[PDB]
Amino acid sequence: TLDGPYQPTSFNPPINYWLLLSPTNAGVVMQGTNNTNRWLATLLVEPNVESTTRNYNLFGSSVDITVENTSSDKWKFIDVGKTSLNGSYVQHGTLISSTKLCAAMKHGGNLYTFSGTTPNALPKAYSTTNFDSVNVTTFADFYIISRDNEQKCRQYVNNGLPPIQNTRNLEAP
């Protein structure tokens, strides 16, 4: 099989697969909803950004969100979510990254993303509801890595993608 890259698209991902996103610049990286109780997204903020209100298109709506990135050297991924149609988005996990990669996976009713600071970012679970039916729309090129190969996803998120598009076969010893 071919891990990627795949171009921005919308689909409902199966459980037990990581989607590894490779955005180029700040903005919305990906979003997903179950159309019932969760509307979710990951935002990207470049280094060296003082607290500022930015506009993001989430599910077609114009949403103003106050963001900051105090890191001089690393990019900041921000997980955001709301739990009702008219609810406010709030910021949850963050991933402070030199690689500009983030990732999400549905497993066991939970939604996992990477959080922390590279090269020591780790998967962490959101478990406030059953997330199994949440779809995705990606706004960056992305790769698909099975949970059985989670070690490969961890290594890429923390250390970078290979310089060529052969991820199926490229892994550190």
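Don't overthink the numbering: it's just position in the shown sequence, from 1.
Averaged over their C-alpha atoms, the temperature factors of 145-153 and 18-26 are higher for 145-153. Judged by mean Cα B factor in the deposited record, 121-129 ranks above the other of 121-129 and 34-42. The top Cα temperature factor in the record, among 95, 101, 85, 80, falls on 85. Remark: residue 57 belongs to the lowest third of its chain, ranked by C-alpha B-factor as recorded. Annotation for residue 108: CA B-factor lies in the highest third of the chain's modelled residues.
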